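The same protein chain appears twice below, in two forms, each given on its own as structure tokens and labelled structure 1 and structure 2.
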Structure 1
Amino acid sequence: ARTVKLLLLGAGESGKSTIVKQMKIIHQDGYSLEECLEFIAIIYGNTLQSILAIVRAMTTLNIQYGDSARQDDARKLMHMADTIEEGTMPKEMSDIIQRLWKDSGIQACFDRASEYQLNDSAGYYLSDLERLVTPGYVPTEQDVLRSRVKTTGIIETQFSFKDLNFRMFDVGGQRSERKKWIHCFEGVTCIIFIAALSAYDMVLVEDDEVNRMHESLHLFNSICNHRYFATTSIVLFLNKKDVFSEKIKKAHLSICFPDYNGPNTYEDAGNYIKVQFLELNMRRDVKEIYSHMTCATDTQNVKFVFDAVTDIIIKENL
């Protein structure tokens, strides 16, 4: 019936494309077997890049292996890397990664992932390597949802829900991609801005001196107060709440906000972060921004949250 133009915005790796995958699962026909098979190479690539990053970090962070034998494994894994066909995972490689993942040194390095760049799904894939390499492996929906591919251009997702015809557009979030955003700012019905809660102790890939959350805060400030959005519903998704729940117990929020006095807890820290974003809206007197703590990889959560977003879009049309 009514056409709704939705824009998914946010900094690099915040979770935009994952929400898009969820729309296909929830509001379209989901993934076909053939579509799933196409993700094997992507998954094998992600898994390889993750362990490679952790291995590299061993040297970078000067962390020794638990068992010296792992050092040999690490080196031969490195040679295999530039030798194997991309997207593949030979048994010789899997056996090595398997042994490395179990190493205490590797684990200690894994825990220090915020000090270097590591795929969000590194732990997910590596801890489940046996299943992934089992001959005949076919990706599950969660495997597909956890996959990583940096996108840059604009992607349109169209679906019907509650009699509304959605035209959802997502774009890359890196600094280099933002210049072109303005071309998509016309006649927008709703903007979903995605910010990763767990980014508070992370630095940008574009500038290792810039805190990821400070970057998203700056970007949100620009977005929520933009001229083109005065009459558009804005919703904030504070994504990666699952990663955040674990992180908050180890990393102090003060890393990001030196002024924070509250307890480093999920509820407190989460609410404080939420306030930091929402306080940037200088049009609050005329427009309220709704926010949701989300886990883009969780279908039921995304299903729930998107249902609530459509309700807001519908209400705003009253």
Structure 2
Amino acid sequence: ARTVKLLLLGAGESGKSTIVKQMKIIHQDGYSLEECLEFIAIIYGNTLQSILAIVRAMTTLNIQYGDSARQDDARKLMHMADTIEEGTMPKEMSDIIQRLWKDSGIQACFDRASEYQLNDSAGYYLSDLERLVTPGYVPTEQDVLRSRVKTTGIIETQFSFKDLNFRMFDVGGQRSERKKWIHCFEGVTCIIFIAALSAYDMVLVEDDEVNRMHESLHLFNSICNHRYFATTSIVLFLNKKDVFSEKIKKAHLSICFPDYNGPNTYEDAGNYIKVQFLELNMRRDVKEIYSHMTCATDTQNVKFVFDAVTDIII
């Protein structure tokens, strides 16, 4: 059969690894019991880092607890975080986290997550902590999809679909991904560029002067117009449409694009962002780039979108 080398490109946290997990669920055979048990430590670490970030932001943003009794809980939490074996979640810690999560001050801070770059799965895990710490708990595929682990190795995802043999690789532009650049850009059949729609109101951890969507736009410009990819199929995934639909109700898109004069609705603000990316294609009138609004954690959405990508490839 024909071999298809497909690259998933995009800024950190855009959704590359999530699409890779979806390929395993959709085109391979999901996760076995033992593979799900693997994710418990990762999920606990993810959960602890999420609450610690919200707690530190209480100080940074100067928000006070709805209940002063929480201040001691926060202190004990920080202390335990330095004491527990990494990846564990003892009863005392989970009890403290649940009390903090319920606090109105903590919730006011959670609502201001954009201001401190909180990972998107924070609310997912934290609002369902009791299920995660029940003796007998086995991560569901959605739990696994929502997780984030630091993978230093090169992971090739191979699967057959529509009589094509896919060899898929997820690659970032950050320096730690350099070993992948030695060969990842050779003989690429298709590039799926992923950009988080919800990145529009966020700045970088280091450069508070640099907007994340602008960084993604900058990378797309570099890739899209590179001579290596003049005839490569390129598809744009405007990811995190679910987070975006909520964000759009509170932060105006003009925060990112001063020229934006629209009503800030999911559809119009979404199309405006799509245009900002697609207009960068200087090969546009010659080489067309399709785009899809995606929710990488939604298996049905990813299944449909990847099917369209495959028909494009064919």
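Rigid core here is just the name for the largest C-alpha set that superposes within 1.5 Å across the two forms. Residue indices: 1-based, along structure 1.
**Q** Superpose on the core and compare between structures 1 and 2; which one of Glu130, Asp72, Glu92, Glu206 crosses the 2 Å Cα shift mark?
**A** Spelled out, the residue whose C-alpha shifts by 2 Å or more is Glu206.
**Q** Relative to the superposed rigid core, does the CA atom of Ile154 travel 2 Å or more between structures 1 and 2?
**A** Yes: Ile154 shifts by at least 2 Å between structures 1 and 2.
**Q** Does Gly172 move its CA by 2 angstroms or more between structures 1 and 2 when the core is aligned?
**A** Yes, because once the rigid core is superposed, the C-alpha of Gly172 moves 2 Å or more between structures 1 and 2.
**Q** C-alpha of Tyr116: shift of 2 angstroms or more between structures 1 and 2, rigid core aligned?
**A** The answer is no, as the C-alpha of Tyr116 shifts between structures 1 and 2 by less than 2 Å after core alignment.
**Q** Report, in Å with one decimal, the C-alpha displacement of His226 between structures 1 and 2 after core superposition.
**A** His226 is displaced by 0.9 Å at its C-alpha.
**Q** State the core-superposed CA shift for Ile182 between structures 1 and 2, in Å to one decimal.
**A** For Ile182, the C-alpha ends up 6.4 Å from its position in the other form.
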